[PDB]
Amino acid sequence: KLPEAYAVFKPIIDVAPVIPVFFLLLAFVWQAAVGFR
Amino acid sequence: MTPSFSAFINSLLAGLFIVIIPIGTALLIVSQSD
Amino acid sequence: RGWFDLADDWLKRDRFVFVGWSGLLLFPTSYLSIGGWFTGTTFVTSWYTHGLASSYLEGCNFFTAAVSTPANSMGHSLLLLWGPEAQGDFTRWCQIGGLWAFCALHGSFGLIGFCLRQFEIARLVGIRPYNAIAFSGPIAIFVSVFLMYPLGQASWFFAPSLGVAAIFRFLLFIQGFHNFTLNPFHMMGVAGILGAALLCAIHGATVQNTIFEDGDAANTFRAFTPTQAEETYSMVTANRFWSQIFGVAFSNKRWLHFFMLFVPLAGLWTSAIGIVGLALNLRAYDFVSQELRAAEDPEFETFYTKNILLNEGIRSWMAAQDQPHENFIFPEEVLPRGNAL
Amino acid sequence: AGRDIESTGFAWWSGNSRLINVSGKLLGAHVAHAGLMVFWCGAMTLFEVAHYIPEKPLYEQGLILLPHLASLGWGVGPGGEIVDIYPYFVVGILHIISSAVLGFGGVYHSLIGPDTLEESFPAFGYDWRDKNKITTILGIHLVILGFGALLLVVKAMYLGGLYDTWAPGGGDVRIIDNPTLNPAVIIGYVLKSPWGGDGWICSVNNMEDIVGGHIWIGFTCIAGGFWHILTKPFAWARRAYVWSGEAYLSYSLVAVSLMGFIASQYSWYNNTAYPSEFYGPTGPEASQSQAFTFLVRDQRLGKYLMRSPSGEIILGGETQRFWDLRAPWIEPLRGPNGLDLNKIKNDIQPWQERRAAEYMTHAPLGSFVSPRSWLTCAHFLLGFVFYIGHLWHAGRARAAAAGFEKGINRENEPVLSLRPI
Amino acid sequence: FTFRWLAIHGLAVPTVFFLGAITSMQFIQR
Amino acid sequence: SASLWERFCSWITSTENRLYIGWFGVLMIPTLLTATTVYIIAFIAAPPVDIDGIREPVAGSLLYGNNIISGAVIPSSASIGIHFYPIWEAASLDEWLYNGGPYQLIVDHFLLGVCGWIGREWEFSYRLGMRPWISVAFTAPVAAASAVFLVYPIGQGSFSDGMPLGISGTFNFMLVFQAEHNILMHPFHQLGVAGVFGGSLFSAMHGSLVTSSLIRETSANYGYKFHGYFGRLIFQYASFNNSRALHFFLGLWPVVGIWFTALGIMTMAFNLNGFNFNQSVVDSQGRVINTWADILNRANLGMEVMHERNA
Amino acid sequence: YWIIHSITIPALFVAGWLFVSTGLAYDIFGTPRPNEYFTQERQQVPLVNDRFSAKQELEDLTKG
Amino acid sequence: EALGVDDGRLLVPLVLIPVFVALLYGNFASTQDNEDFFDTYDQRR
Amino acid sequence: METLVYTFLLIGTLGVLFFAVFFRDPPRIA
Amino acid sequence: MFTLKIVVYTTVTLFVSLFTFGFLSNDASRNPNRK
Amino acid sequence: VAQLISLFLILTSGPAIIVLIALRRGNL
Amino acid sequence: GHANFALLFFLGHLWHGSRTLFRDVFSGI
Ligand code: CLA
Ligand code: CLA
Ligand code: CLA
Ligand SMILES: CC1=CCCC(C)(C)[C@H]1/C=C/C(C)=C/C=C/C(C)=C/C=C/C=C(C)/C=C/C=C(C)/C=C/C1=C(C)CCCC1(C)C
Ligand SMILES: CC1=CCCC(C)(C)[C@H]1/C=C/C(C)=C/C=C/C(C)=C/C=C/C=C(C)/C=C/C=C(C)/C=C/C1=C(C)CCCC1(C)C
Ligand SMILES: CC1=CCCC(C)(C)[C@H]1/C=C/C(C)=C/C=C/C(C)=C/C=C/C=C(C)/C=C/C=C(C)/C=C/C1=C(C)CCCC1(C)C
Ligand SMILES: [Cl-]
Ligand SMILES: [Cl-]
Ligand SMILES: [Fe+2]
Ligand SMILES: [Mn+2]
Ligand SMILES: [Mn+2]
C-alpha cells in the first residue's frame with residue numbers, strides 16, 4: 001500500500017496511469033476544434 | 001368448428017384490419033394528397 | 001391518374017429512404033423481426049425450452065443472450081400466437097419459443113422484401129440487377145440453415161438460436177453430430193469465403209497502389225473527382241505487376257469484378273447445398289475404407305480418426321445439456337475419454 | 001501556414017507527417033512523447049505500490065514494474081520477499097516529477113519554439129540528408145545509451161548489486177564481484193542457436209554473464225558513438241541506404257520490432273533476468289514443478305522419470321517437452337547424467353519443495369493470467385505491429401526518394417516503355 | 001408526421017424504453 | 001554492364017523475365033521450391049510420424065492408407081519439442097522421418113519463402129514505379145501462417161502443437177485449439193470472422209455495383225479493352241462516392257481482420273485465452289443456471305477429454 | 001421539439017426502468033425470477049412435453 | 001555451437017563464399033562514382 | 001491403387017497451372 | 001550427415017551472400033524514374 | 001467519489017486549455 | 001436431390017426473372 005501520509009491521495013494515483021490515453025483523445029479534440037484542417 | 005378454425009378466421013381478419021387495411025389507407029390517403 | 005398510378009408515384013418519390021412497393025413488405029417484416037430479436041434477447045427466457053437463461057433480465061451479456069429455438073415438443077409448428085400451442089396467450093407463446101418462429105418467419109419475409117427492394121431500385125436507376133442475385137447467397141444461407149435444416153430434423157429445436165454463443169454452440173453441435181468440416185460442399189464454401197476476402201484485400205491494395213498521380217498532395221484521396229471519365233488507377237501497371245509476381249493477372253476490369261462477385265456467391269451456394277444435405281443426416285461423416293483399416297489395425301491412426309474421436313466426445317459430453325428433452329443420463333464409465341481409449 | 005492539407009499535402013490523420021521538414025516542432029514532439037513515457041512509468045509505479053498487498057507475491061497482484069524494480073535489488077530480501085515499498089515509491093515519484101519537466105520542454109519546443117532549428121541554432125539543425133550531422137547525433141545518443149548500460153553495471157557491482165536467483169538456498173541481493181568479460185562467452189551467446197535447448201541470448205542463466213555483457217555493450221556503444229561522431233558513412237553505406245527521416249524511422253521501427261520479439265521471449269522463457277519470485281514461474285517451470293511435486297509425493301509415502309532424446313534422465317509425462325528448463329530449485333538435484341534419484345531422495349531441501357508447490361499452484365501454460373503472459377503477449381503484438389510499421393515506412397521512404405509515392409505519372413508510365421512479356 | 005419522423009420515432013421510442021429497462025436490469029441484486 | 005557483378009544484378013533485377021526474380025526472389029525461389037518438393041514427396045510416401053512421442057505413430061501419407069482429405073505432413077515429435085531438427089542432427093534418415101523432421105523443414109523453408117514473397121512484391125512494385133503497400137496487405141496471411149506454424153509451437157513449447165500440413169489435420173488443429181483455448185469466445189477471432197465475412201460481402205457488393213453499371217460497349221467483358229443505386233438501397237449518407245477511398249476500405253477491412261485474428265492466435269499461444277462466461281447465472285439458492293456459454297464449455301470439455309490420450 | 005423531448009425522453013426512460021424494477025417484465029414475458037427457477041416439488045429443469053397441451057403444462061409448471 | 005559449426009570444415013564455406021562474392025562486388029563498387037551526393041539516394045550507377 | 005489416381009490428379013492440376021502460367025494468352029493493347 | 005550439412009551450409013551461404021551483396025549494389029537506383 | 005471527482009478535474013483540464021486558447025484567439 | 005434441385009431452381013428463377021425484366025439494359029447501361 002502507499003506510505004501512510006500519501007495514502008489520502010490514492011484516488012489521484014488510481015486515475016493517473018490512464019492519463020496518456022486522454023492525451024491521445026485531447027489531440028483529437030484539438031483537431032476537432034481546429035475543424036480537422 | 002374447432003377453436004383452431006376460429007383462431008384461423010380471426011387471424012385472417014386481424015391481418016385485414018390491422019395490417020392490410022390500415023397500411024393501404026395511408027398509401028391511398030397520402031398518395032392522393034400529394 | 002388511377003389510384004395505383006398515384007400510389008406508385010408516391011412510393012417512388014426521391015426521399016431520404018426509398019420506400020417503393022417492396023417497402024410495404026420489407027419495412028414491417030424487417031422491423032418486427034429486429035424488434036422481436038431485441039425483445040427476446042432482453043426479456044424472453046429459454047428456461048422451458050432449452051433449460052437455459054438467455055435474457056439480459058436473467059443476467060446474460062451480449063454474447064450469451066439469444067432468442068432460443070422452440071421446444072422439441074413443438075415439432076415444425078408455425079407457432080402462431082393464435083395457434084393451438086399458445087391459444088392467444090402471449091406469455092405462454094414466449095415461454096414455448098414462439099418468438100423464435102416470429103423472428104425467423106418475419107425475417108425470411110424481410111429478406112424477400114429486401115431482395116425485391118434491390119430489384120425495384122435497380123429497375124429505377126436503369127442498371128442490371130446483379131444485386132438481389134448476389135443477395136441470393138445470403139438468402140440461400142438463411143433458408144438452408146434456419147429453415148431447411150430444422151425442417152429436415154425433428155423440430156425447430158435443432159435450428160440455430162439467434163445469439164452469439166448460440167451460434168457458436170450450433171457450430172460445435174453440427175461439427176460433433178455431422179462432421180461438417182469433412183463435408184466437401186462446406187469446403188467449397190470455406191474456399192469461396194476466404195477467396196472473396198482475398199480478392200477484396202488484393203483488389204483494394206492493387207487499386208490503391210496503382211493510382212495515377214492526379215494531385216500534388218501527398219494524401220491522394222482528394223485527387224479523385226466524383227464524375228471521372230478517365231480511370232483513376234493504371235490497369236496496365238497492375239496487370240504487369242501480378243503477371244510477373246504471381247504468374248497470372250487480370251486484364252479485363254469487367255471480368256475481375258464479375259469474379260469478385262462470383263466467388264462468395266458460389267461459396268455460399270455450395271455451403272447451402274451442404275447444409276441441405278445435413279438436413280436429412282446425409283452427411284460425409286466418415287470414410288468407410290479408413291474406418292475398416294482402423295478396425296482391423298489398432299496401430300493405424302490418422303488425423304481423421306482423431307477427428308472422429310473428437311466428434312464422439314463432443315456428442316457424448318454435450319448431449320445431456322444440449323438436448324434436455326431427451327433426458328439423456330450418461331454414466332461416467334460410458335463417457336469417452338483419452339485415458340479410457 | 002504549414003498546418004493544413006492546402007499548404008502541406010497531408011491530411012489531419014497524417015498530420016504529424018507535416019513535422020518531417022521542421023526540426024524544432026519535431027524535437028518538441030519527441031520530448032513530449034518522452035515525457036508521456038516517463039509519466040506513465042511514474043504513475044504506474046505509484047498505482048502498483050498503492051495496490052500492493054504485502055502477503056501476496058508480486059506476480060499474484062498483476063504487477064509488472066515492481067518486479068523490474070525488485071530484480072535490480074531495491075526493496076527485496078533473501079528468497080525474493082519484499083521488505084519495503086518505499087524505494088519503489090521514490091522511483092515512481094522521481095519519474096512522475098521529471099515527466100513534468102519533459103512535458104514542459106516538449107510543449108515549449110512544439111508550440112512557441114522555432115519551427116526550424118538550423119537558422120537560429122546551427123549546432124542542432126539538420127537536413128535529413130547531411131550524413132555527417134545525422135551520424136553525429138547517432139553517436140551522441142549511442143554514447144548516452146552506453147552510459148546507461150554502464151550505469152546498470154555500476155548498480156550491479158557497486159551500488160547494492162542485483163537480485164540473483166542462483167544464489168544458494170534461494171535468491172538474494174548479491175554484489176556481482178567478477179562479471180564475465182571474456183569475449184568468447186559473449187560472442188557465443190550472440191551467435192547461439194535460437195531454437196529449443198540453446199535459446200540464443202534468452203538463455204543467459206547467471207548474473208555474471210549479464211553484467212559482463214552489459215559492460216561490453218556499454219563500452220562498445222561508447223566506442224561506436226565516438227566513431228560515428230568522428231567519421232562519415234563509407235561508400236558502400238552511402239549507396240545502400242536511403243537518407244531521409246522516414247528511412248531512419250523505418251530502420252528504428254524494424255530494430256524495435258526485433259527488440260520487442262526478443263523481450264517477449266525473455267519474459268516467457270528467462271528466469272534469471274526475470275526472477276520467478278517476482279514474475280512467477282514460466283510455463284515450462286510450472287509444468288516441471290508440478291511433475292517434481294508429484295515425484296516428491298511419490299518418493300515420500302521410478303514412476304515420474306524417463307530418459308531424454310540424448311539419453312539423460314528427465315521428468316516423465318506431458319512435461320517431457322520441457323526438459324530443457326533450468327531452475328534454481330531443481331539444479332542441486334541434477335547431476336551430470338540428469339536428475340539423480342538418490343540425490344532427490346536425500347539432498348532435497350524444504351525450500352525447494354515450497355518453491356515447487358507454489359509454482360505448481362500458479363501455472364501460465366496451465367497446470368490466473370501470469371505477468372509473464374501479459375508481458376510476452378503485449379510485446380509480441382508490439383513487435384509484429386512495428387514490423388508492419390517498418391514495412392510501411394520503408395516502402396514509402398523508397399517511393400518518396402524515387403518520386404512515385406503520390407501515384408504513377410500519366411505522361412510517362414514506366415510499364416508502357418517496357419516491352420510486353 | 002413524416003415517413004422520416006415516423007420511422008425515427010419507431011426506432012427511438014422502443015430504443016429508449018429498452019435502454020431504461022436494461023439500466024434497471026443492471027441494478028438488480030444478483 | 002561494366003562489371004560481371006553489374007550484369008548479374010541487371011539480370012536478377014530485370015523486369016523482362018516472364019516472372020520477376022529480384023533479390024528477395026534469390027532467397028524466395030530456393031526455399032519455396034525446396035519446401036514444395038519436400039511437401040510433395042512427404043505427402044505421397046512419408047513414413048508415419050510419432051507425433052505424440054509415446055511410440056504410436058500417426059500415418060498421413062497417401063501410400064500408408066491416406067486420401068487427399070485425410071493426408072497430411074504430420075508435425076514433429078513431441079520429444080523433439082522446438083529443438084532445431086535438420087537431417088544432419090538425426091542419427092539416421094529413418095529416425096528423422098520418424099520424428100517429423102520434414103515438417104520442420106517445410107515449415108522453415110515456407111516461412112522464409114513467404115517473407116521473400118513479401119519482399120519480392122515490394123521489390124517489383126519499386127521496379128515498376130508503383131506504390132509499395134501490396135506487401136503490407138500480404139503480411140496478414142503471412143502473419144496467420146507464422147502464428148499457426150511457428151508462434152504457437154514456440155508458445156506451447158513443441159512443434160507437435162503446430163497445424164498439420166493437411167485438411168483433416170487442419171480440422172484437428174481447429175478443434176483442439178477451440179477445446180484448449182475457446183477461440184470462438186476470443187474477441188480477436190471474432191474480429192477475424194467479421195473481417196472475412198465483411199471481405200466476402202464487400203467483394204460481392206463491389207462486383208455487383210461495377211457489373212450492374214457497366215457502360216454499353218458491346219460477352220459484356222469484351223466491352224472493356226485492355227453510387228446512386230447504393231445510396232438509394234440504404235440511406236443517402238452511407239455511400240462511397242470516392243472510388244479511391246472505397247478501394248482503400250476494401251483493402252483495409254479484411255487485412256485488419258486477419259491481422260487481429262493472427263494476433264489473437266499469437267496471444268493464445270502464450271495462454272491469453274478467450275472470454276469465460278461459464279456459470280455466469282445463478283438462482284437465489286445458488287444453483288448454476290446454464291447459458292449457451294455453458295453448452296459451448298460442455299462441447300469444449302468433450303473435445304478436451306479425448307486429446308490428452310494419457311493421465 | 002427539444003422542449004417536448006426534454007420531458008418525453010426522461011419519462012420514457014423512467015417507464016422503461018419501472019417496467020423492470022416493478023417486476024412487470026417477469027409477469028408479461030414469463031421470465032422466472034431468481035427465486036423461482038426450481039420449485040419444492042420440481043427440482044429438475046421444467047420442459048414442455050406435448051405441443052397441444054403446452055398451455056396447460058406451462059400453467060401447471062408455473063403455478064407454484 | 002556458434003552458427004551451428006561443430007566441425008571446423010563448415011567455416012570454409014561460411015567464409016570463402018562471402019569473400020568470393022564480395023570480390024565480384026568489389027569490381028562493381030570500384031567502377032562507380034564514390035564521391036558524396038547530398039540526396040536521398042544515389043542515382044549514379 | 002487409389003494413390004495412383006490421387007497422384008495423377010495432383011500432377012494434372014500442377015501441369016494445368018504450369019500451362020496457364022507459361023502458355024497464357026499474351027495481353028496486348030487494343 | 002556431415003556432407004549434407006556442408007552442402008546445405010554452402011548453398012545457404014551462397015544465396016544469403018548473393019542477396020546481401022545484391023541489395024548493397026545501389027538497389028534504390030534501379031527504379032524507372034532514375035536518370 | 002474522490003476518484004470520480006479527480007477524473008472529472010483531469011478530464012476538464014485538457015479541453016479547458018483549448019477553450020481558453022479559443023477565447024483568447026491564439027494559435028490553436 | 002429434389003431439395004437441392006429446388007434451391008438451385010430458386011436461383012434460376014431469380015436469374016431468369018432478372019433477365020426478362022431488365023432485358024433492355026442487359027448489354028449495359
Ligand atoms: C503524443 C503524440 C503527439 C505529439 C507529441 C504531437 C505533437 C505535435 N503535433 Mg501531432 N498529432 C497527434 C499526436 C501527437 N502530436 C495525433 C494522434 C494526431 C491525429 C489527431 C495529430 C495530428 C496533428 C496535425 C494535423 C498537426 C499536428 C501538429 C503537431 C505539432 C504542433 C501542434 C499544435 O499546433 O498544437 C496546437 C494545440 C493546442 C494549442 C492545444 C493543446 C495545448 C497543449 C499542447 C496541451 C498539452 C497539455 C499538457 C498537460 C500541458 C503541460 C504543461 C506543462 C507546463 C506541464 C506538435 C509537434 C501540427 C504541426 O505542427 O504540423 C506542422 C499539425 O498540423 N499533429
Ligand atoms: C543504434 C546503433 C547504431 C546505428 C544505427 C549505426 C548505424 C550505422 N553504422 Mg555504426 N556502430 C555502432 C552502432 C550503430 N551504428 C556500434 C555500437 C559500433 C561499434 C561496434 C559501430 C561501428 C560501426 C563501424 C565500424 C561502421 C558502422 C557503420 C554504420 C552504418 C552502416 C551500418 C550497416 O550497414 O550495418 C551493417 C551490418 C552488418 C554487416 C551486420 C553485422 C552483424 C554482426 C556480425 C553481429 C550479428 C549478430 C546476430 C548474429 C545477427 C543479428 C540478430 C539481431 C536479432 C540482433 C550506419 C550509419 C559503417 C559505416 O559506413 O560508417 C562509417 C562502418 O564502417 N558502425
Ligand atoms: C515510433 C514509431 C512511429 C513513428 C514516429 C511514426 C510516424 C509516422 N507515421 Mg507510422 N506507423 C508506425 C510507427 C510509427 N509511425 C507503426 C508501428 C505502424 C503500424 C500500425 C505505422 C503505420 C503507419 C501508417 C499506415 C501511416 C503512418 C503514418 C505516419 C506519419 C503520420 C502519423 C500521424 O499523423 O499519426 C496520426 C495518428 C492517428 C491517426 C491516431 C491513430 C490511433 C490508432 C489507430 C489507435 C490505436 C489503438 C490505441 C493505441 C489505443 C488507445 C485507445 C483509445 C482510442 C481510447 C508519421 C511520419 C502515415 C503517413 O503519413 O505516412 C507518412 C500513414 O499513412 N504510419
Ligand atoms: C455500447 C456499444 C458498444 C459497441 C457499439 C454499439 C453496439 C453501437 C453500442 C451499443 C449500444 C446499444 C446497447 C444499443 C441498443 C439499443 C437497443 C436495446 C435497441 C432496442 C430496440 C427495441 C426494439 C426495436 C423492440 C421493438 C419491439 C417490437 C417491434 C415488438 C414486437 C412484438 C413482438 C415481441 C412479438 C409480438 C408482436 C409484437 C407486438 C409486434
Ligand atoms: C509529490 C507527490 C507525492 C505523492 C503524491 C503525488 C501527488 C502523486 C506526488 C506528486 C507528483 C507530481 C506533482 C508530479 C507532477 C506531475 C505532472 C504535472 C506531470 C505532467 C506532465 C505533462 C506532460 C507529460 C505533457 C506533455 C504534453 C503533451 C504530450 C502535449 C502534446 C500535444 C502536442 C504537443 C500538440 C497537440 C497534440 C498533443 C498530443 C495534445
Ligand atoms: C496525475 C498528476 C499528477 C499530480 C498533478 C496533476 C497535475 C493533478 C496530475 C497531472 C494530470 C495531467 C497531465 C492531466 C492532463 C489531462 C488531459 C490531457 C486530459 C484530456 C482530456 C481530453 C479528453 C478526455 C477528450 C475526450 C474526447 C472524446 C472522448 C471524443 C473525441 C472525438 C473527437 C471530439 C473528434 C472525433 C473523434 C473522437 C475521438 C470521437
Ligand atoms: Cl486429437
Ligand atoms: Cl500432468
Ligand atoms: Fe474496383
Ligand atoms: Mn498444447
Ligand atoms: Mn487437449
# chains A, B, ... in the order shown; residues from 1 in each chain; ligands from 1
>>> residues_around(residues="region 11-15 of chain L", least_positions_apart="6", cutoff="10 Å", atoms="only C-alpha atoms", output="number ranges by chain")
C: 115, 119, 129-130, 132-133, 136-137, 139-140, 269; L: 5
>>> residues_near_ligand(ligand="ligand 3", cutoff="7 Å", atoms="only C-alpha atoms and all ligand atoms", output="list in words")
residues 21 and 25 of chain A; 10, 12, 13, 14, 15, 16, 17, 20, 246, 249, 253, 385, 386, 387, 388, 389, 390, 392 and 393 of chain D
>>> residues_near_ligand(ligand="ligand 4", cutoff="7 Å", atoms="only C-alpha atoms and all ligand atoms", output="list in words")
residues 31, 32, 34, 35, 36, 38, 39, 99 and 102 of chain C; 11, 14, 15, 18 and 19 of chain E
>>> interface_residues(of="chain B", to="chain C", cutoff="10 Å", atoms="only C-alpha atoms", output="PyMOL selection string")
chain B and resi 3-8+10-11+19-20+23-24+26-34
>>> select_by_dssp(residues="chain A", states="alpha helix (DSSP H)", output="number ranges by chain")
A: 10-13, 19-33
>>> residues_around(residues="region 309-314 of chain D", least_positions_apart="2", cutoff="8 Å", atoms="only C-alpha atoms", output="number ranges by chain")
D: 305-307, 316, 320, 323, 337-340; F: 79-80
>>> residues_around(residues="residue 27 (chain H)", least_positions_apart="6", cutoff="10 Å", atoms="only C-alpha atoms", output="NGL selection string")
:F and (2-6)
>>> residues_near_ligand(ligand="ligand 1", cutoff="7 Å", atoms="only C-alpha atoms and all ligand atoms", output="JSON, numbers by chain")
{"A": [24, 27, 28, 30, 31, 36, 37], "D": [2, 3, 4, 11, 12, 13, 14, 15, 16, 18, 19, 25, 26, 28, 29, 30, 32, 33, 100, 101, 103, 104, 107, 110, 111], "K": [14, 17, 18, 21, 27, 28]}
>>> write_last_selection(atoms="N, CA, C and O atoms", output="compact mmCIF listing (two decimals), in the first residue's frame")
# COMPACT_ATOMS: atom_id res chain seq x y z
N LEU A 24 -4.07 11.35 -26.08
CA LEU A 24 -4.44 10.99 -27.44
C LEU A 24 -5.79 11.58 -27.79
O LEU A 24 -5.94 12.29 -28.80
N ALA A 27 -5.62 15.24 -28.34
CA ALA A 27 -5.15 15.59 -29.67
C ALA A 27 -6.31 15.63 -30.65
O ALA A 27 -6.49 16.62 -31.38
N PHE A 28 -7.16 14.60 -30.62
CA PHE A 28 -8.32 14.58 -31.50
C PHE A 28 -9.22 15.77 -31.24
O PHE A 28 -9.69 16.42 -32.18
N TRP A 30 -8.33 18.69 -30.25
CA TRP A 30 -7.72 19.83 -30.92
C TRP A 30 -7.99 19.80 -32.41
O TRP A 30 -8.38 20.82 -33.00
N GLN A 31 -7.88 18.62 -33.03
CA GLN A 31 -8.22 18.51 -34.44
C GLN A 31 -9.70 18.75 -34.67
O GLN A 31 -10.09 19.24 -35.74
N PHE A 36 -10.46 19.89 -38.15
CA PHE A 36 -9.70 18.86 -38.91
C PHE A 36 -9.07 19.52 -40.13
O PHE A 36 -9.20 18.98 -41.25
N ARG A 37 -8.44 20.68 -39.93
CA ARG A 37 -7.81 21.41 -41.06
C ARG A 37 -6.42 20.79 -41.33
O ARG A 37 -6.21 20.34 -42.48
N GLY D 2 1.54 25.89 -43.07
CA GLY D 2 2.20 24.63 -42.77
C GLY D 2 1.45 23.72 -41.83
O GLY D 2 2.02 22.70 -41.41
N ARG D 3 0.21 24.03 -41.50
CA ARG D 3 -0.60 23.24 -40.58
C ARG D 3 -1.95 22.90 -41.20
O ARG D 3 -2.98 22.86 -40.52
N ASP D 4 -1.96 22.65 -42.50
CA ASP D 4 -3.18 22.27 -43.20
C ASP D 4 -2.79 21.50 -44.46
O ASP D 4 -1.64 21.53 -44.91
N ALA D 11 -3.24 15.23 -44.83
CA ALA D 11 -4.50 15.40 -44.12
C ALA D 11 -4.26 15.40 -42.62
O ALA D 11 -3.13 15.22 -42.14
N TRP D 12 -5.33 15.62 -41.85
CA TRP D 12 -5.21 15.69 -40.40
C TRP D 12 -4.79 14.35 -39.81
O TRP D 12 -3.97 14.30 -38.89
N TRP D 13 -5.33 13.24 -40.33
CA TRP D 13 -5.00 11.92 -39.81
C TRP D 13 -3.58 11.49 -40.16
O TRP D 13 -3.11 10.48 -39.63
N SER D 14 -2.90 12.22 -41.05
CA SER D 14 -1.47 12.06 -41.29
C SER D 14 -0.71 13.31 -40.89
O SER D 14 0.38 13.58 -41.41
N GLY D 15 -1.27 14.08 -39.95
CA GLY D 15 -0.80 15.43 -39.70
C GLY D 15 0.61 15.52 -39.15
O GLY D 15 1.32 16.48 -39.43
N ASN D 16 1.03 14.54 -38.34
CA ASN D 16 2.40 14.56 -37.84
C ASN D 16 3.42 14.37 -38.95
O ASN D 16 4.60 14.67 -38.75
N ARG D 18 3.55 16.32 -41.29
CA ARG D 18 3.97 17.70 -41.51
C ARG D 18 5.17 18.09 -40.67
O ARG D 18 5.73 19.17 -40.88
N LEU D 19 5.59 17.24 -39.73
CA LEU D 19 6.72 17.53 -38.85
C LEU D 19 8.04 17.01 -39.38
O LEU D 19 9.06 17.14 -38.70
N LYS D 25 9.75 21.70 -34.02
CA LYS D 25 8.50 21.06 -33.65
C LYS D 25 8.66 19.54 -33.54
O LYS D 25 8.04 18.91 -32.68
N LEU D 26 9.49 18.95 -34.40
CA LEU D 26 9.77 17.52 -34.30
C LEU D 26 10.47 17.19 -32.98
O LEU D 26 10.13 16.21 -32.31
N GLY D 28 10.25 18.96 -30.25
CA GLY D 28 9.24 19.12 -29.21
C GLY D 28 8.31 17.93 -29.11
O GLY D 28 7.95 17.51 -28.01
N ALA D 29 7.90 17.38 -30.26
CA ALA D 29 7.04 16.20 -30.25
C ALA D 29 7.74 15.02 -29.60
O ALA D 29 7.13 14.29 -28.80
N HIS D 30 9.02 14.82 -29.92
CA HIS D 30 9.75 13.70 -29.32
C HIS D 30 9.94 13.90 -27.82
O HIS D 30 9.80 12.95 -27.04
N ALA D 32 7.98 15.63 -25.85
CA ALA D 32 6.66 15.45 -25.24
C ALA D 32 6.31 13.97 -25.12
O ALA D 32 5.74 13.55 -24.10
N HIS D 33 6.63 13.16 -26.14
CA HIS D 33 6.36 11.73 -26.04
C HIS D 33 7.24 11.08 -24.97
O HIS D 33 6.79 10.17 -24.26
N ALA D 100 7.06 16.11 -15.67
CA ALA D 100 6.60 17.49 -15.80
C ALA D 100 7.61 18.34 -16.55
O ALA D 100 7.24 19.13 -17.42
N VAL D 101 8.90 18.19 -16.22
CA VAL D 101 9.95 18.94 -16.90
C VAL D 101 10.01 18.55 -18.38
O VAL D 101 10.11 19.42 -19.26
N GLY D 103 7.60 17.26 -20.20
CA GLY D 103 6.40 17.75 -20.87
C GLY D 103 6.45 19.24 -21.15
O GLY D 103 6.02 19.69 -22.21
N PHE D 104 6.98 20.01 -20.20
CA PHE D 104 7.17 21.44 -20.44
C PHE D 104 8.13 21.68 -21.60
O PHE D 104 7.90 22.55 -22.44
N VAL D 107 6.28 20.84 -24.86
CA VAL D 107 5.30 21.88 -25.19
C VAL D 107 6.00 23.14 -25.68
O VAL D 107 5.56 23.77 -26.66
N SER D 110 7.48 22.59 -29.12
CA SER D 110 6.44 22.33 -30.11
C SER D 110 5.64 23.58 -30.47
O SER D 110 5.43 23.86 -31.66
N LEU D 111 5.19 24.34 -29.47
CA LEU D 111 4.21 25.40 -29.71
C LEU D 111 4.87 26.75 -29.97
O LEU D 111 4.66 27.35 -31.03
N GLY K 14 -7.87 19.24 -19.82
CA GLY K 14 -7.42 19.15 -21.19
C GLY K 14 -8.13 20.11 -22.12
O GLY K 14 -7.52 21.04 -22.66
N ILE K 17 -7.76 24.08 -21.69
CA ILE K 17 -6.69 24.80 -22.37
C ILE K 17 -7.13 25.23 -23.76
O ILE K 17 -6.91 26.37 -24.18
N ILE K 18 -7.77 24.32 -24.50
CA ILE K 18 -8.24 24.63 -25.85
C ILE K 18 -9.31 25.71 -25.81
O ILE K 18 -9.33 26.62 -26.65
N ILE K 21 -7.67 29.03 -25.13
CA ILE K 21 -6.98 29.49 -26.33
C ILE K 21 -7.98 30.06 -27.34
O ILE K 21 -7.74 31.10 -27.95
N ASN K 27 -3.02 30.70 -31.30
CA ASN K 27 -2.68 29.69 -32.30
C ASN K 27 -3.17 28.33 -31.83
O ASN K 27 -2.49 27.63 -31.09
N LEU K 28 -4.37 27.96 -32.27
CA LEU K 28 -4.97 26.69 -31.86
C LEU K 28 -4.77 25.62 -32.94
O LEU K 28 -4.59 25.93 -34.11
>>> interface_residues(of="chain F", to="chain E", cutoff="12 Å", atoms="only C-alpha atoms", output="NGL selection string")
:F and (235 or 280-286)
>>> write_last_selection(atoms="N, CA and C atoms", output="compact mmCIF listing (two decimals), in the first residue's frame")
# COMPACT_ATOMS: atom_id res chain seq x y z
N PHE F 235 -29.77 4.51 -46.80
CA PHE F 235 -29.90 5.96 -46.75
C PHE F 235 -28.77 6.62 -47.53
N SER F 280 -22.23 -18.02 -15.23
CA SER F 280 -22.48 -16.59 -15.04
C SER F 280 -23.86 -16.29 -14.48
N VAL F 281 -24.78 -17.26 -14.48
CA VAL F 281 -26.14 -17.06 -13.99
C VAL F 281 -26.42 -18.10 -12.91
N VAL F 282 -26.85 -17.63 -11.74
CA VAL F 282 -27.23 -18.49 -10.63
C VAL F 282 -28.58 -18.02 -10.10
N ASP F 283 -29.28 -18.93 -9.43
CA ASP F 283 -30.57 -18.61 -8.83
C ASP F 283 -30.35 -18.11 -7.40
N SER F 284 -31.45 -17.94 -6.66
CA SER F 284 -31.34 -17.49 -5.28
C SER F 284 -30.66 -18.53 -4.40
N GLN F 285 -30.97 -19.81 -4.61
CA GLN F 285 -30.41 -20.88 -3.80
C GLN F 285 -28.94 -21.15 -4.10
N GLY F 286 -28.41 -20.61 -5.19
CA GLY F 286 -27.02 -20.81 -5.56
C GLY F 286 -26.78 -21.82 -6.65
>>> residues_around(residues="region 327-336 of chain D", least_positions_apart="2", cutoff="9 Å", atoms="only C-alpha atoms", output="number ranges by chain")
D: 165-171, 271-272, 285, 289, 292, 312, 325, 338-344, 347-349, 351-353, 355-356
>>> interface_residues(of="chain C", to="chain E", cutoff="8 Å", atoms="only C-alpha atoms", output="VMD selection string")
chain C and resid 16 to 17 42 56 to 57 59
>>> residues_around(residues="region 215-218 of chain D", least_positions_apart="2", cutoff="8 Å", atoms="only C-alpha atoms", output="list in words")
residues 145, 146, 147, 148, 149, 150, 153, 181, 211, 212, 213, 220, 221 and 222 of chain D
>>> interface_residues(of="chain G", to="chain F", cutoff="12 Å", atoms="only C-alpha atoms", output="PyMOL selection string")
chain G and resi 32-40+43-45
>>> residues_near_ligand(ligand="ligand 6", cutoff="6 Å", atoms="only C-alpha atoms and all ligand atoms", output="JSON, numbers by chain")
{"A": [16, 19, 22, 23, 25, 26, 28, 29, 32], "K": [10, 11, 13, 14, 15]}
